[PDB]
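Starting off, we have a lone chain in the form deposited in one PDB entry, written out as structure tokens.
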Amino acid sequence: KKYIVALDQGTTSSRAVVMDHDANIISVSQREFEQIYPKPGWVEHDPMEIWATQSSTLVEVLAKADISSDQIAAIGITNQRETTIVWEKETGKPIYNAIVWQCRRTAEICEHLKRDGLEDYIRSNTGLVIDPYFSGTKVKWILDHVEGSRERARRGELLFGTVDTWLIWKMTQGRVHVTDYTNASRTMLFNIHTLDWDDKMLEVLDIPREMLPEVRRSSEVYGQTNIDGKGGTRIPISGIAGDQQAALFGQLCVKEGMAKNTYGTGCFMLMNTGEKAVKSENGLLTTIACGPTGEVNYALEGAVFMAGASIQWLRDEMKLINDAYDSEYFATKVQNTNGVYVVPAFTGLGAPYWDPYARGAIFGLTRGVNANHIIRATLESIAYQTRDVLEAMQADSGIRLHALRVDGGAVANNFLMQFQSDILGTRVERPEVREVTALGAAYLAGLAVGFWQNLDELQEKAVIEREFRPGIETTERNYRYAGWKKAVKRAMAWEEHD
């Protein structure tokens, strides 16, 4: 029973990772799935495509490595947060697509919450902001959309889950309907202080309590997946955390004030705040994180909706880059953006603005602007967003970072890391293993079954592959950023409300 598997069910792909007791990566597999847009500003996934791709990557990562099922000591599950699925208990059939965290469809529902004066309650009790980001209003949308569904839900016929929950339920043939505190905290239906569902929110959004999973700590045996057969060895699912929380954990940011920024589909900066919730006065989120020994901690979070996804757009939709010839290649073919800024509000703006009516915009164009400039600006936007959240986080926490601890695939991009260093005037420390999300999920799972004894067993794993140090002075820094803010302001409030 020699390995731990992390299932990392992402916004744009499903991945599976096999790790050994030394905590080295032995095998990895990834499968993409379709991003569905039924209209502009909407974002959907097919839950059966989420399941299929995640189940199949698990099969593939063992097959390719010639690992048999019975050698797996435990599974850890980590996932794209907020994304919302509602299905039939009896058949497993979804009643609607997954509504992705990114989708803006519930803006109008959000306006109602705000009009009803719920801002303070929601922040005080859930740590969250009123925005289409969070699951609660998505659940409402689906129930309002599917005639009869509310009554069925009362009848107990319909289940809600975030993606962790959908996955476990499918992996356990429906025996387990569960979530962890970190995922639950993103739903806007869960009280992050009492550590239970919040009845006022359920009342407000008219969501039957019967739909809801049990909520548990992120390091604990939740159940059995019969991937060694129904007659085989027991393979327990024993770690769950929302992906950004799992990255925080795998970065060993388990002490108050410790922070990381993950570069994925989006960008997400979290700082652990120990056992105490810190209120944001600067447009951030208060959320649940994982303590040293898997207990409930709190974090501050800045969520940026588009980072890597903007590069994917360049590739897949604008076809301005490809595999052979990536973004860093083109970007560095030019010395600046020639005045161009790109505000990547493809799905509205997240922290610290929270404007679901913002839409993607490009500024500063002249006749001598080419593709490389636009490319380069799209990349710089990742760094500019980060500064936005970093500054807000410093204000809320009282803490100035002397170094930015980063992870995610995009960190492989030297141009981006250096520009990030530059625009912040802070060093950036890049690690040798970049997919820290999966590692976090592994550690949680592993700790739960005693594969590891403690986390400090894992202290010496990470290697700072590179340190980036600022190559520009305050004046330039500050000038470039000022223009960013000019761009952002012009992108805001684009979409006409319902």
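All residue numbers are counted from 1 along the displayed sequence.
As for the form deposited with a small molecule bound, it is not shown, yet the points below apply to it.
- The stretch that touches the small molecule in the deposited bound form, counting heavy atoms within 4.5 Å, is 308-316, out of 191-199, 308-316, 251-259, 153-161.
- Contact here is defined as any heavy atom lying within 4.5 Å of the small molecule in the deposited bound form, and by that definition each of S13, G264 and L379 is a contact residue.
- When contacts are judged by a 4.5 Å heavy atom cut-off, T165 does not count as touching the small molecule in the deposited bound form.
- Within 4.5 Å of some heavy atom of the small molecule in the deposited bound form lies at least one heavy atom of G408.
- Though the partner is left out of this view, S238 does not reach within 4.5 Å of the small molecule in the deposited bound form, counting heavy atoms only.
- Taking non-hydrogen atoms only, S327 approaches the small molecule to within 4.5 angstroms in the deposited bound form.
- Taking a 4.5 Å heavy atom cutoff to the small molecule in the deposited bound form, the contact residue among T337, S149, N413, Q224 is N413.
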